[PDB]
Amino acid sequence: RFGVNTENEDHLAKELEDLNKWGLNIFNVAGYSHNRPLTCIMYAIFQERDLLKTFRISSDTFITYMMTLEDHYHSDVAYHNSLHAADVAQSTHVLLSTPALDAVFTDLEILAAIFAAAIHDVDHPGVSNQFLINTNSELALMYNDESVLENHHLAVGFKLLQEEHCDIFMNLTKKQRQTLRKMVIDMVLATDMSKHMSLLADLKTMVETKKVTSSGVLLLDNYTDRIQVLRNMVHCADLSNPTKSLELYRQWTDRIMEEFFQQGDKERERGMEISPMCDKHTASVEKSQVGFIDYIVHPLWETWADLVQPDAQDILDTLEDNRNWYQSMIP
């Protein structure tokens, strides 16, 4: 089905043993599956959690949909291609298994979070919301300058479900489809970085009033509480590159800066003001990664670590180490 060469056969399976671990190498997975990491990992994650059985999704329909989804990720965009969506989906799969959230979420909520991660950047053009708005692009006109890309990703992901041969949610009840849709919209719209501060603040509240039962698991009474953790989960996963091993983090940084600089060039050709971190002639990649961790990634992930204490300590230590590595690359 994947046509994985007889030579990449066991290499792939050897990589997929780390499926449930933070240390999984999605680059290795993309290379052994003929650059189909999103399809590959999503199939693996769905078999592990036995989601195909629970929601009666035929294996053919699942593959057909994921393949088409993966094809809507642009392979010429340096960072926001299917490897990132696969990375965010697999990272979310690991966060959902963290001991402090054990048995807290329904199967339907697990399905929604992983599906959301998978579609969260589909058909990304390699430019930011602010670029699309400043250039009066069709998408900004379409979405009235609000969470332009995030709304688009959702629109494409759900639209690919319209044909029967691609409808993975055909066996959910009407009710389940409507709840899953609400959760997915919510989670994907929350990946808009302009909502980041609002999200971090609400998560700090959740940590302050966190009630963990005798089982050592968090108590989340209402839907409001659960979707609040899920939004933050996908958001942390989206901002997890600097929490990975240094070998992986540096390749992600290479990819993001290649995309950001490409937008700098486009802004320069059009006579627009260049965002300072986006300017290949002046910006220090190393200073920007240090600023990224101190002011965005560390504040979020330390808060997340508090809520799931102590499951995330390794993540925090890797983050401080990677930060110090980039700081040591600045003269």
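In case it trips you up, residue 1 is the first one in the sequence shown, and so on. If you superpose the two forms and keep the largest set of C-alpha atoms that fall within 1.5 Å, you have the rigid core.
Where the structures in 7 other deposited structures of this protein are fitted on the rigid core, 211-219 is the one of 211-219 and 225-233 whose C-alphas sit farther from the shown form on average.
Taking the rigid core as the alignment reference, the C-alpha atoms of 161-169 lie farther on average from the displayed form in 7 other deposited structures of this protein than those of the other stretch among 161-169 and 131-139. Comparing 100-108 with 211-219, the stretch with the higher mean C-alpha B-factor in the PDB entry is 211-219. For the segment pair 193-201 and 233-241, the entry gives 193-201 the higher mean B-factor, averaged over Cα atoms.
Comparing the listed residues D121, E146, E259, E164, the entry records the largest Cα B-factor for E164.
Placement of the Cα temperature factor of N151 within the chain: lowest third of the modelled residues, per the deposited record. Sort the chain's modelled residues by C-alpha temperature factor and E302 lands in the middle third, per the entry. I274 sits in the highest third of its chain by CA B factor, as recorded in the PDB entry. For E48, the recorded CA temperature factor ranks within the middle third of the chain's modelled residues. Ranked against the other modelled residues of its chain, the C-alpha B-factor of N35 as given in the entry falls in the highest third.
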